[PDB]
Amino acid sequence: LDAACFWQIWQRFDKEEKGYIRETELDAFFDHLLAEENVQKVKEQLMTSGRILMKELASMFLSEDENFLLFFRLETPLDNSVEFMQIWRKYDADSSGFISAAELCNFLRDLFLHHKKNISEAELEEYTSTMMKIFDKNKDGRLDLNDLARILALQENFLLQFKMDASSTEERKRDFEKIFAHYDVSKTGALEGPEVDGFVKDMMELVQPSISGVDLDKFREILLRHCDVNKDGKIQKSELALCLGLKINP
């Protein structure tokens, strides 16, 4: 049992990636696993004494590195969608709109290093291969933007909290300023690079399913063509204010 084989069994029960199975599904999960698994028996006993989280069962079957790969951000999530795109941009080094195995391997190498974990180059390729098996949904040999979001346990769309009422001039301004401060991580007065990316992603996702990395590139240029008044490729506060109908231009 490698992590990929385990994941594949688990995904037959956790079909909606809830990250748990039901307790009823537990016995039949063990049956799939038993097709030395004798640790299985030990395992049942372990917490047989309403759901069953993946970390619980996985703690008992996968290696310590494999548990790290599967849960290293369910513990410590991202800052926000800007940090997410920063990672995406860094590792899609050819800007393909897709993360390849050679690219994913670099992500894992850097991740292990910075977590202060030593692993051999042969380990790194097994992990690369294992991670690809788990997260490459359409089995096309590449990871899409949402796949990396799932590896990173990307949290909820920040923009969903804002409400249709709250139309007051004061409310719109409070909400503009909160939105702008969120994406302007570097505090420059403008959205640049992944700050743009993160805002595009969150905005587009208000009205359509999770977008691909190729489409993020397309929507990013469409947004710039819409509101980039001085055409410098960054979105100054005043440009976004005007395009969101803010009454007094900052």
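Start at 1 with the first residue shown and count on from there.
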**Study point:** Unmodelled deposited residues flanked by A35 on one side and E36 on the other
**Key:** 4 to 9
Point to revise | Extent of unmodelled deposited sequence, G50 relative to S49 | key: 4 to 9
Revision key, fill the gap. Once average C-alpha B-factors are taken from the entry for 60-68 and 192-200, the winner is 60-68
Check your understanding: Comparing 8-16 with 222-230, where is the mean C-alpha B-factor higher?
Key -> 8-16
Review point. Hey, out of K178, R150, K137, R172, whose CA B-factor is highest in the deposited coordinates?
Key: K137
**Study point:** Highest-ranked of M164, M132, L154, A122 once sorted by CA temperature factor in the record
**Key:** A122
Practice item. Select lowest, middle or highest to describe the third in which the CA B-factor of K43 falls within its chain in this entry. Key: highest
Review point. Hey, what third does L160 fall into on Cα B-factor, ranked over its chain?
Key: lowest
Check your understanding: Sorting the chain's CA B-factors, does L244 end up in the lowest, middle or highest third?
Key -> lowest
Check your understanding: Where does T76 sit by CA temperature factor within its chain: lowest, middle or highest third?
Key -> highest
**Study point:** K187 - which third its CA temperature factor falls in, relative to the rest of the chain
**Key:** middle
